[PDB]
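Here we start with a single chain on its own, the form deposited in one PDB entry, put down as structure tokens.
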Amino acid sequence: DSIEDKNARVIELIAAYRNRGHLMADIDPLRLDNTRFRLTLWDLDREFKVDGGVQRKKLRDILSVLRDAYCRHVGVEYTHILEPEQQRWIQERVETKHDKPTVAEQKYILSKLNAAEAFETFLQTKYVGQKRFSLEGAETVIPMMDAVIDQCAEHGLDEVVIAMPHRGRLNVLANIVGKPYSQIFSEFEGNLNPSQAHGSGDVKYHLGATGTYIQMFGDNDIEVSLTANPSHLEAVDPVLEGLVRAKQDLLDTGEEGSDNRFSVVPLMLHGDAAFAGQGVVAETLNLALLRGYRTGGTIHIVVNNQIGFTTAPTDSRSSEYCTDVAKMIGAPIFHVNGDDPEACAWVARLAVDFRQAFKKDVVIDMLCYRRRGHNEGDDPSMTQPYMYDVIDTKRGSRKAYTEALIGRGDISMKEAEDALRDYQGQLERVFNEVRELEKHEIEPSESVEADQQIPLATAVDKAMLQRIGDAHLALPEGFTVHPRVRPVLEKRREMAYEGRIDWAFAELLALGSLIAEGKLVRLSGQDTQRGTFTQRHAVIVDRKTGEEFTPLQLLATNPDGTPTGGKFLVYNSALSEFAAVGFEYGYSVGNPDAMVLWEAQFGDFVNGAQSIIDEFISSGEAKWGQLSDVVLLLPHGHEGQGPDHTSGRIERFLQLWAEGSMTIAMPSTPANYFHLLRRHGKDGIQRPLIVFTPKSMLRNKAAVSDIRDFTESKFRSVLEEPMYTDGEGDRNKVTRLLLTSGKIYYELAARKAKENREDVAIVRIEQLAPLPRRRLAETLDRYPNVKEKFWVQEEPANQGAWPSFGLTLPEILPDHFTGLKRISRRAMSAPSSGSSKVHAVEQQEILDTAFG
């Protein structure tokens, strides 16, 4: 009504654009949604109060600033950000006049759209019947990624690490990372050399590459990497993060680094349907600001072609944008029109600037379209006739941008034509040279087992064990240890000097000795600092102040004061399995010289990371030549705590095992666990280790080891009873042999002692995979009067080691294992019964059968 009323209506209008302007922005190059674009006129020329300091601006000028910033080809979502300094930063860079690119920069963008579109048309011409998951309709991704990388080089960063799905993957490999065209062309020809034909392999749009990006207008260079992935969309997201964090830790940058540059940048590409539908996206975003996982912000690019094969976005998500999940971490989101390559390159540079300023994730939603079917052989008008009727009228971004550069007089029609002829002439020359190569004979894929051959002294000095023991009592000045934590630290110093070392200390003796030798040790998982079973105490919390103390971190310094090079990185993970296991797998790939251990609360929850186990951990070497030394610690054992607190599903890991891809163990003694970890960290082999770890056996007084087992011994794949190797036991009295693995040994041994059964022997198989054939055959030959052999296990008949051992043992060793029978629980649907009482009755039946 009045001046005070009018000025208040302007402030509401200013906030509506900043909050909701993106809903009116011309971001969709297809204009599919018809209803998208659903105070007096005398007040437009009046001057209003604006806090920008405070200045007086005409309503028309305020309005035009808001429309240009928020309602053109860029939809900006940032008012959900809780940090006011971040809202101010974006608001200042978005609500100002943007400097137009130079003619040279515009021409360079055009060259990126030329290379992008002519690569996809050349492939449509030469290999019309092969899938390539074309980037056609989304060519703007290439100048956009180029701008991200160029802006990272402009900030003087060290590396950009990419992860992406199928969409434009080959295009990115060739035009961004620098994968030779000849290599891509040789893949389509299906003529691979012995190096490319190694292992079982994988499809062309799953492969990675490395290279050096050189600035076109600047004087800096930056490393560009692209990591391998399975078909399983978004599964590589935590793997990328782990890989980057491992690289950042090595360059002394980021969270565990001297500077706060986070000089290794994750550039993560996504499809619009997969970004909203896959849970691992939220799991990986949730890691973005965590101390144990932060990479200083990820640059996310969503190639939003408004389709998921035949599925419309309406059936893909319950939200306006495919990127709305990124709001959970307060990430700014830029929705940009794919037909405006200049707006796309500008948003990409703004994204990198935001990441560098706040060490936080940024999401770019590139609205585009998919010119062809889902694959190049699919007909999309069957399911999307309206969308494909609009695409057929649509001139590509390259043709449109070419017509803009000719209009602006920047280039001629001849220069534009000649540049396309040059590019297609170059591809034809390389395609012909590749086709001219002599064709190799196709042979069946071969096992990778022999690609990595085992050398190994894992025994340490008594002074080493004592130093790790002393570290547990080398408390900072005035530190107050919790009264129930103090006996663990004192009992460990006692263990290190007097023996009877339990499982929990043997683990820290292994990790501590590696740190002392200069190894980087990364240990993480749910409540891993203290330990689920209050056993580890890798970090101790001051009772009065809350201050933390990490005893093994003292092993990173030599007694002469110099560093060993080693480090202890121990964290409490978020409540995730998929992202946490993926991250640790990626971390080991990123730093092959690191000791990387991930611990499940109980092995029963590792099935939440099944895609990582199946697609990365068990098969990555055979498929991509990608090596990982990740350790999975899986608390396992029948103790009456129910079907979810019992099994790490040993049978599933043994089923997945082939070609010596992983080591699978279930050690029964602390010393054997110690040597297993040291062998894994020192063998020079990069292969995952699956360890089935104890729960109650952690506090079993029989399950302790002598100092000489650490100082003058090595890993034992097969273990005999101490009464035969160190005692006065007679092996020739044995008629029944019991073959087992894990904690059930101690129960069988206690029953043997109670009944003085000299006729029965118990042999433990510590290394489940690869089977210790030679050592097992030698061991059995030491018992010549054996008339019957039984595989004994607490696990149901369809679980544990029996499904694989019952088939493999009589086949690999027919002389020793023909007639081998099973003693176990019945086959069960669940890993165990829900009642502790019923567990006890079943457990006693097993030992009665084994001795009856």
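Between two forms, the rigid core is the largest collection of C-alphas that superpose within 1.5 Å. Heads up: residue numbers just count along the shown sequence, starting at 1.
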Counting the other entries of this protein, is residue 453 left out in at least a third of them? yes
Of the other PDB entries compared that resolve residues on either side of residue 194, does at least a third omit it? yes
Chain break class for residue 38 to residue 39, judged by how many deposited residues have no coordinates: 10 or more
Does the chain run continuously from residue 52 to residue 53, or are deposited residues unmodelled in between? Answer none, 1 to 3, 4 to 9, or 10 or more. 1 to 3
Going by the entry, of stretches 285 to 293 and 702 to 710 the one with greater average Cα B-factor is 702 to 710
Which has the higher mean CA temperature factor in the PDB entry, 385 to 393 or 751 to 759? 751 to 759
Which of these, 793, 804, 798, 818, has its C-alpha atom at the highest B-factor, as the entry lists it? 818
Quick one: which of 525, 727, 165, 608 shows the highest Cα temperature factor in the PDB entry? 727
Name the third of the chain's ranked CA B-factors that contains residue 822, choosing lowest, middle or highest. middle
Would you check the entry's CA temperature factor for residue 584 and let me know if it's in the chain's lowest, middle or highest third? lowest
In terms of the chain's CA B-factor thirds, is residue 437 lowest, middle or highest? highest
Consider only the C-alpha atoms of the modelled residues in this chain, order them by B-factor as the entry records it, and name the third containing residue 644: lowest, middle or highest. lowest
Modelled-residue ranking by C-alpha temperature factor, third containing residue 479: middle
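Although not depicted, the form deposited in another entry is the subject of the following passage.
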Which of 408, 754, 774, 88 has its C-alpha displaced by 2 Å or more between this form and the one not shown after core superposition? 408
Did residue 420 shift 2 Å or more between this form and the one not shown, C-alpha, core superposed: yes
Aligning on the rigid core, do we see the C-alpha of residue 431 shift 2 angstroms or more between this form and the one not shown? yes
Using a rigid core superposition, assess whether residue 132 undergoes a CA shift of 2 Å or more between this form and the one not shown. yes
I want to verify one pair: residue 145 and residue 426. Are their C-alpha atoms nearer or more distant in that other deposited form compared with the form I supplied, knowing the change is 3 Å or more? closer
Pin down for me whether the residue 420-residue 210 Cα distance shrinks or grows in that other deposited form relative to this form (closer or farther, change of 3 Å or more). farther
